[PDB]
């Protein structure tokens, strides 16, 4: 949420995108299409897997400890045994609560960050040939067929090829 893309300037997500977490939809003279972006998808996945690697399958071995249940009333020593255990459990319970809250805030933020980074990268690539419509969409001011859209998604788009055409379309009356 802190970057402002997911649940922000992108109005909603796409339930029909099932082969990636981030990607591109377009409309041009040949149709309307969708493609996932693998680099951004993998960047978010790698970070989340990094968190999981630090939490799953990581337990601590303990053997003989203290007694934690008691059949008879005893007073001072038993009060201390019970208090040590209750103290420990409350501290671990706090750690668990805070860990999940912090990690989840961070996951929401890092996923929003990856959406924003992809948007910014695309904006810069288009140079003077497009304008940002404010909703995560760019209006591209030149004929941009399927191979042209592909070049944008693959990072091989040469803005100079189309610049004269685009400037003419943008700065007309």
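Positions refer to the first chain, counted from 1.
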What stretch has the higher average Cα B-factor here, 163 to 171 or 3 to 11?
-> 163 to 171
As the entry reports it, the stretch among 41 to 49 and 65 to 73 with higher mean C-alpha B factor is 65 to 73
Among 117, 106, 139, 143, single out the one with the highest C-alpha B factor in the record, please.
-> 143
Which of 110, 36, 130, 147 ranks first by CA B-factor in the deposited coordinates = 147
